[PDB]
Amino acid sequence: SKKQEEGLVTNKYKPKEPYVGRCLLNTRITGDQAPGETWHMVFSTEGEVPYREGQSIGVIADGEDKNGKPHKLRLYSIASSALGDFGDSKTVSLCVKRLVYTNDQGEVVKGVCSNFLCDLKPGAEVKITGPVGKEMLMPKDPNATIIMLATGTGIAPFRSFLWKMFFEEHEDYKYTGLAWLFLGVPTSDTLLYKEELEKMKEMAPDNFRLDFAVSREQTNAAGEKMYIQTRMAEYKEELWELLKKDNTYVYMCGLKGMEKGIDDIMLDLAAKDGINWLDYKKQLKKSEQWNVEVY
């Protein structure tokens, strides 16, 4: 594999007997004017949960379902690097969007686990399972060009990636490649980790490119809404050229459906080059250079 799979751990903890951590910090990272709430929370793990960049953990909300059984676990991409927000390898962090919407019947639907997580106060316990997954593991190549495409909470695994790449010192992993993050959100009030990301850009100016796409507030020169694919289109020649290099790895995380718009601009780019994007994407997936985790 071309990914950091060495010593990988999956499901050390299962629903039947999860790890019980404690909330150390819970902070809303979206503005007051934001239409929806997203929270950044840090749980203690005592160094018992051996997760790595790109993995997820399952969370079992407190309470019971309509049948008296414990709630089914919900997966959340880990937003912290392996060393964690405190650099001590004894915590794990999540980036959670509170799911609340009204169906066509006028009935409010409050997501069970997302609201449970966002309502957590420091000191409160949390049932955790995992670590989970291997689709979004980082490339082994320390000079890899890493293109990260995210929408909303999809930023989570890339915050994890970026912490290891730019906020930490690893004698065995000194990142020298080009990291490029595209983050699409509806309003600037929902620009998750804006400060952190701009700080990374400040300390690694030539190695980190950061492009925000705020669809409801920005438009390109033509006046078109700035969706993630719209922002990508501002760099079409560069991106296509990079997609042809063997050390280029593309990761996509976030709302299912963000894939279509991205494929549309890729279809155009490849075609102009006499290439069928649908086929090329299959090849990139097989060569581990196109990794997707949408929900």
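Don't overthink the numbering: it's just position in the shown sequence, from 1.
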Quiz item: Which has higher Cα B-factors on average according to the PDB entry: 83-91 or 153-161?
Solution: 83-91
Self-check item: Higher-scoring stretch by recorded Cα B factor average, 266-274 or 52-60
Solution: 266-274
Self-check item: C-alpha B-factor winner, where the candidates are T248, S44, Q229, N67
Solution: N67
Quiz item: Which one of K97, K199, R74, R209 shows the biggest C-alpha B-factor in the PDB entry?
Solution: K199
Quiz prompt | Third of chain Cα B-factors occupied by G133 | solution = middle
Practice problem: Divide the modelled residues of the chain into thirds by Cα B-factor and specify which third, lowest, middle or highest, holds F167. | Solution: middle
Practice problem: Classify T176 as lowest, middle or highest third according to the C-alpha B-factor given in the PDB entry, relative to its own chain. | Solution: middle
Quiz item: Taking the C-alpha B-factors as the PDB entry records them, is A34 in the lowest, middle or highest third of its chain?
Solution: highest
Practice problem: Report the third (lowest, middle or highest) to which the CA temperature factor of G184 belongs, ranking only the modelled residues of the same chain. | Solution: lowest
